[PDB]
Undergrad: 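Before I ask anything, let me first share the structure, which is written out below as C-alpha cells.
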Amino acid sequence: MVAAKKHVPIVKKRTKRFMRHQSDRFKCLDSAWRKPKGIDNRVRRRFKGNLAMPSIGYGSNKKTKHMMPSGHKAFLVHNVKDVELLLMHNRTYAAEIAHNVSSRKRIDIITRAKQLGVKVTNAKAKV
Amino acid sequence: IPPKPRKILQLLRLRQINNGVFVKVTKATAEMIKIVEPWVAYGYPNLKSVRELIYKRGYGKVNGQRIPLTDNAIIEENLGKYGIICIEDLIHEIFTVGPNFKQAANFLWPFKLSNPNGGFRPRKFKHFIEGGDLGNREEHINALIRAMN
Amino acid sequence: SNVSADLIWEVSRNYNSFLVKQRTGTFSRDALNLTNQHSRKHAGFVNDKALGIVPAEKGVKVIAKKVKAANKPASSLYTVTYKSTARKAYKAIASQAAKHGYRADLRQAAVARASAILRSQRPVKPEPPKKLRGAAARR
Amino acid sequence: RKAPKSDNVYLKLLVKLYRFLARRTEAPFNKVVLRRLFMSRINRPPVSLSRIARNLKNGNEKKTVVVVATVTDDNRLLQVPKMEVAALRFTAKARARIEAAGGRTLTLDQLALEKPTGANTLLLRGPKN
Amino acid sequence: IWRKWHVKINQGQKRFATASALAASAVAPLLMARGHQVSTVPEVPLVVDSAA
Amino acid sequence: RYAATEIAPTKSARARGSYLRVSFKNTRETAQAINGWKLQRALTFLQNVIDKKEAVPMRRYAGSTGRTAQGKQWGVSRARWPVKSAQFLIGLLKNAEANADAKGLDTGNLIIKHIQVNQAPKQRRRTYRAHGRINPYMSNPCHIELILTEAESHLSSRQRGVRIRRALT
RNA sequence: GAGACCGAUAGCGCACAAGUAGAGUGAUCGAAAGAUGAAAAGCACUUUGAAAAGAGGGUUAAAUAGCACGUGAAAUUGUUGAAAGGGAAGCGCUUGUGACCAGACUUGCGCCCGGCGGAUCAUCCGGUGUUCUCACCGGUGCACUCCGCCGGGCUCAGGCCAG
RNA sequence: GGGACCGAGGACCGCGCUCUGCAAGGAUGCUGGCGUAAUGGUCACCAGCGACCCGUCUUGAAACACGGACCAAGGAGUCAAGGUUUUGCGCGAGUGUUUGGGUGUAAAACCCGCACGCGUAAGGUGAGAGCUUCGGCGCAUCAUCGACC
RNA sequence: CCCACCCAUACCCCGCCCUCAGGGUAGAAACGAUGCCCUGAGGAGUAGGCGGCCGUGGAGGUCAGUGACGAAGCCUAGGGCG
C-alpha cells in the first residue's frame, strides 16, 4: 500500500554539508570536500573553531540508510518494465522516473505504478 | 611516567584512569604498589565495598571477552572447577582471601569506576598523609569506593 | 558432471542480462524470480527447481521448471493459468510449491506474488484532489 | 584467509565443501585440506610418482594418498605400483601410468565422499626446496 | 607505434577457453543469462539436418 | 529583449542604442541622475547640463572631481557636466518620445520607468610611450536602453471557544 | 583502403584566399581565425532620427537564431528586488526573525446485518498436464454455497506535536 | 519522597520470583489539540560563544624568505627493451603456434613441418603435520652422525 | 584550616557508524554463504604500506535502455540519498 513499512526513527547525525577549506574565499575552489594535506593546516590538525572533517563516525544507521523521510528507498525507473520490477516491493521502494523520460512514457509509468501501489517521487513533474 | 611505574601499572591491570582492581597483600605485591605510589590510591576494602563492586560493576573475562556477571551459570561455567559456582562464592573468595584468589581476581575484569561524587580533596596530587588523595588510606578507601560507584 | 546450479551461480552472480544494479539495491528481471531480488534463493534461471508468476488478462499464469526437460526450453516450463478465485489460486500455488517438495522455501514468496498481481488487477481508486499551501496557495 | 586468491569456480566449490566439512566435523584432516586449498601455487609444490611410491614402500599400501597439489610423472621409475591417489590435478602421463598400474584417479570431492574424515589416507606434500 | 599492441596467448589456453565456451553454449541457463531469447526453441544444442 | 521584461509592450515606449562611443562611467552617472523622472524634466535637465547650468552627481565613478554649488541640489559635493552622455541620452529620449507619439500615449504623463547603461565590447587604440612600451588606449563604449511608462484559519478548540465566548459577551 | 587515434588552446605551424598576414638588411622567424537557418524566407511598408540606428510591422518552428548570427559558463558589469554596515571582511556551534520549500495524511484490513447482481460453492464423471498427487479445462452444481457492488454497524492499524 | 536523560530489541525459548500472575533475556497503556507549513528543512540577517592567510622551504623548532589580482580551458611517474619479487592461469620433465608455411567470412580467427630458446636426462638417532586396526605408521622440513661425486 | 559550588574531547551509563577478534548457519522450509545472526573489544596520526569506492574519453557484451510528446550542455534565495 501507500504507507511504508514500519521502521525505526530516521536519525541524521549531521544535516549540513562538509565545506572545503577556503572555498568561501576563492571562486576557483568548488565547495566539494577535499582532504587538506598541509602539515600545518589547522583544519587537518583539528584545531577548535574550524571546519569539521568527514569521518565514518557520522555514518547513518544501517537499517535506516538510503531511505527517504517517508521510509522508502528511491529506485530510478525508466519505463513500465522498471515499475513492474518494483511490483514486489510496494512498502519498501519508491519509483523515481528518470529525467530523460518523455511525457507520455511518464504518464504510462505513473498509471502502472498507481495500479501497482508503488509510490512515485516525481509524479507531478509534467502535469 | 617512568618505565618502571609504566610496567607496574600494566601488570596491575590499571590501563585507564579510575581503574580499580583487587590485590592480595604480600611482600612482592606491596613493593610493586609502593613503587607505583605516585599514581594510585589504595586501601583495605570491606564487605559492602566488595559486594557492591561485584554486583554493580562485576564483569568476567570469558574467552578474552568482557561479559556482565548477570548469571550464576556464567560464574559456574568459568570458576566451577575451583569450587566457585555463584556470585556469593566469588564475593567470599575475594573478601576472605581464599586459595583461588588469583583465579577469582583475574576472572574479574578491572573495575571501571566513575569519578567520585563530591570530588577529590582540594589538591588530589599529594599523599593522603599530606592532605591529598594519593597513597594508602587504610579504611577510607571504602568511602572513596562509595564515591566512585 | 561439470555443470550445476552452483556452477551457474558461480558464473552469474556478478553479471547477468537480467541483473539491474543501483545504489539502493540489486534486482533481477528474470521471469522465474519471485521477488525480483538477486540471490541464489530466488535465481530461477539458476536453480533446477524454480517458480515464476506473471499477470494474465484476468488472473495469474504460473510457470514451473521441469527437471527432466532442462535441455528443452520450449518444453521446460509447466504453465498453469489460475483465473478462478483469489483464495483458490493461493491454494493451488502453495500446493505447487510445498506439497511434493518443489521449493517450499519459495511457497510464501509465490503466494505473495500472486496476491500482489491480483491486487494490481483490481480496479484503482481516483486520486484525492491536490491542496496548495502557503505562497503557492495564495498565488 | 577468508576468500581464495584464485578465480577458479571449481576451486571455490571445493573450498565451500571443505569449509562445511571442517566446521561440521572434528577432522584435522579436513582443516589441513582447507588450509592447503587456501594456500597459493608456489606453496603447493608438485608431488611425483617416485615420492608417492617410496612413501608407500613401507606398510602403507592399500591406501588413499591425498595430495593437495598436482601429481607429476617421473621417468626414473620403471614400474608403478597399485595405489589410491587423490589430488587437485593430474598430468596425462600420471593418469596413464596410475591407470595402467591398476590404481584409480580420484578428485578431492570424491575423497570427501568416500573418506569424509580422512581414514586410511596418507597426506603428502611436495619438495619445497 | 611500438606500444606492443598484440598479446601472445598460449594455444593450449586458447583451446581451453574455446572448449569452455562450447560447454557454456551447451548449457541452457547461460544462454538466457547472456541475453539470448531461447524459449521457443527445443534442444539447446540445436542440430539441424545437413540435407536441409 | 530588454532587461525589464515585466512591462507590457502595448502600454509603454522604448528606445535602445548599442555600441555608442561615449564614456560608460559618465553615461551611467547621468542615467542615474535622470532615472525615475518625468520626460520633460529630464530633457530640460539634460539641456541644462549641456549648457553647464546644472550638473549630474558623480556617485560611484567620481575620482578627483571638483566641488560645485550645483551639487547641493543632490546633497553631494562632486558634480560634473557630461556633455556627450547628455547629448546621447537626449537622442534616445527623443526617439522614445517619438515612439510614444506613434503609439498614441500621453507625453505629459510619461516617466523614465527603466534606464540602463551596460558595457559594450571594448575598442582599441595605441600610443607611443617611453622605456620601450606601447600604451594601449582601449575606448570604453556602452549600450543604453530605456522604457517610459504612463504614470498612475486553523485555530485550536480552546481558541475557538474563547472567540465564541467573547463574541457572546 | 583502413583505425579501441585527435576533435578547433586538440590533431601537421596551417579543418578558413597558411607557409598567408606580419617581423627582420638578411640567413630566417611566423601566427590568430570553423558552426544563422530545413530553406535567405537575410525584415517589404509606416514613423522618429542628419545619420548610425530605434520603435511599430513582417519572415520563420524559433529572431530566447538578425549574417557582432548553434548552444552561450565563470571572471567582471548595469538595472531592479530584499538586506547589512561606529577603524576589515570572510569561517564553526546554537537559537531567533523574515522569505521560500520537500515530505506525511486524504483512509486500509477484518467481522455483524439487509438489498442485490452475477461468473470459475463443495463432491462426482471424462480428457489433458504434472513435482504421481497435485492442478487445469468441459459437464455436473440451481444458489442457507461461492464471487463483486451498495445502505449501514463495530474492531484493529494508520500523520505531526504533546500531557 | 522529588527531579532529569534515555526506551536499544522485535513470535516463543533463558535465569528467576512475591507464582490463577510478575517490575523476571531492552516501553506499554490512557488522553488531547492540529492534520497544516503546525513540526521539519534551505537561504539572508541579528545575537552569545569559538576561530592567525594558504602553499613551499629551512631548522630542534619558530621568525625570515619565496609564490598568490580574478576566472575559463590546458598541465606533469608514460612507453619500449633487459633483469627481478609476488599473485592468477595452462601444460608439466618438459614447455613456448603467430621466423615461416597452410586455410580464411581476410591485418581477425583456425591449423602446423623442421629447427631454435630455457630447463630436465643412499641410511641411522630425535622431532614433526596427518592417519591408526590405538600394536603403531609416519609428508614437508630441521639438528647431528652419516653414504657418494 | 573547613564547607559547598563551576567545567575538558578526561572518567561512568545509553544510543549510532566503522574496524578487528571470537562463535553459529545443508539428507538445504534454501543464500546479492562475497549473505545473514550472536558476543566482546577498539577508534589522534606525518613519511610510508594495504583495501574499497567515486568520476572522464574510447572498445566488446547487455538493458529487445532513454530521446524532437525534446538527448546533451548550461542556470537555479527548489528538493532527495551518501
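Heavy atoms only: backbone and side chains are in, while hydrogens, waters and symmetry mates are out. Naming: A, B, ... by sequence-line order, numbering from 1 per chain.
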Undergrad: Do other residues, nucleotides or ligands put more than 12 heavy atoms under 6.0 Å from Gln73(F) CD?
TA: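 Count not over threshold, so no.
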Undergrad: What is the ring orientation for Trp37(F) with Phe45(F), classed by angle as parallel under 30°, tilted 30 to 60°, or perpendicular over 60°?
TA: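 Rings of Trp37(F) and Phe45(F): perpendicular, over 60°.
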Undergrad: Evaluate the side-chain proximity of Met53(A) to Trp33(A): yes if any heavy-atom separation is below 4.5 Å, no if none is.
TA: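 Touching, per the 4.5 Å side-chain cut-off.
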Undergrad: Looking only at atom types and distance, does a side-chain atom of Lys84(F) sit under 3.5 Å from a main-chain N or O of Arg21(F), one as donor and one as acceptor?
TA: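 Yes; judged by distance alone, with no hydrogens or angles, the pair exists.
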Undergrad: Nearest 0.5 Å, what's the CD1-CG distance between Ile144(F) and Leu20(F)?
TA: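 So the gap between those two atoms works out to 5.0 Å.
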Undergrad: For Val77(A) versus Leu86(A), what's the shortest heavy-atom pair and its separation?
TA: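 Nearest pair, atom of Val77(A) first, then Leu86(A): CG1-CD1, 3.8 Å.
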Undergrad: Would one find more than 12 heavy atoms of other residues, nucleotides or ligands at under 6.0 Å from atom CZ of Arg20(A)?
TA: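 Result for CZ/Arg20(A): enclosed.
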Undergrad: Should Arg14(F) and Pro9(F) count as side-chain neighbours, where that means a heavy-atom distance under 4.5 Å?
TA: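 Sidechains of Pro9(F) and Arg14(F): in contact.
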Undergrad: If I compare all heavy atoms of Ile53(C) with all of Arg113(C), which pair ends up nearest, and what's the gap?
TA: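 For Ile53(C) and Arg113(C), the tightest heavy-atom pair comes out as O-NE, 2.9 Å.
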Undergrad: Determine the interplanar angle of the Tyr93(A) and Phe27(C) rings, folded into 0 to 90°, and report it as parallel if under 30°, tilted if 30 to 60°, perpendicular if over 60°.
TA: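 Answer is perpendicular, since the angle exceeds 60°.
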Undergrad: What verdict does the salt bridge (charged side-chain N to carboxylate O under 4.0 Å, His left out) test give for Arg1(F) and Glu145(F), after you've listed the backbone C-alpha separation in whole Å, the side-chain angles of each residue and the deciding distance to 0.1 Å?
TA: CA-CA 10 Å; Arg1(F) 180 63 186 164; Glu145(F) 65 183 1; over 6 Å; no
Undergrad: Does the side chain of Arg78(F) reach to within under 4.5 Å of the side chain of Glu29(F), using non-hydrogen atoms?
TA: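 Answer no - side chains too far apart.
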Undergrad: In terms of ring plane angle, is the pair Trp9(C) and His38(C) parallel, tilted or perpendicular, where the classes change at 30° and 60°?
TA: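 If you compare the ring of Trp9(C) with that of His38(C), the planes turn out tilted.
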Undergrad: Determine whether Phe75(A) and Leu85(A) satisfy the following criterion, side chain to side chain contact (heavy atoms under 4.5 Å, CB included), listing intermediate values before the conclusion.
TA: CA-CA 10 Å; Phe75(A) 181 75; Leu85(A) 183 63; 3.9 Å; yes
Undergrad: Looking at side-chain heavy atoms only, is the closest gap between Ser60(A) and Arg14(A) below 4.5 Å?
TA: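 A side-chain contact under 4.5 Å is absent here.
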Undergrad: So which atom in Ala79(F) and which in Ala55(F) form the shortest heavy-atom distance, rounded to 0.1 Å?
TA: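 Distance-wise, the nearest heavy atoms are CB-CB, 3.5 Å.
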Undergrad: Any sub-3.5 Å donor-acceptor pair from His114(F)'s side-chain atoms to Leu148(F)'s backbone N or O?
TA: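 No: the side chain of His114(F) does not pair with the backbone of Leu148(F).
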Undergrad: Would you mind checking if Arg112(A) and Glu84(A) are paired as a salt bridge, meaning a charged N to carboxylate O distance below 4.0 Å?
TA: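 A salt bridge links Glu84(A) with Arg112(A).
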Undergrad: Any non-hydrogen side-chain atom of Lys122(F) less than 4.5 Å from a side-chain atom of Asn140(F)?
TA: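 Yes, at least one pair of side-chain atoms sits under 4.5 Å.
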Undergrad: Do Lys12(A) and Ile10(A) have side chains that get closer than 4.5 Å, going by heavy atoms?
TA: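 Touching, per the 4.5 Å side-chain cut-off.
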Undergrad: Do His78(A) and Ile109(A) have side chains that get closer than 4.5 Å, going by heavy atoms?
TA: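 No, too far: nothing below the 4.5 Å cut-off.
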Undergrad: Work out which heavy atom in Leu146(F) is nearest to a heavy atom in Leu93(F); give both atom names and the distance.
TA: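 Result for this residue pair: CD1-CD2, 3.6 Å.
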Undergrad: Kindly compute the distance separating CG (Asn33(C)) from CG (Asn16(C)), expressed to the nearest 0.5 Å.
TA: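 Between atom CG of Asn33(C) and atom CG of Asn16(C) there are 10.0 Å.
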Undergrad: Are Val49(F) and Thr30(F) close enough that some pair of their side-chain heavy atoms sits under 4.5 Å apart?
TA: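 They are not in contact (no side-chain heavy atoms under 4.5 Å apart), so the answer is no.
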Undergrad: Got a sec: does the NZ of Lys25(F) have more than 12 other heavy atoms crowding it under 6.0 Å?
TA: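 No, because the 6.0 Å sphere around NZ of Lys25(F) holds 12 heavy atoms or fewer from other groups.
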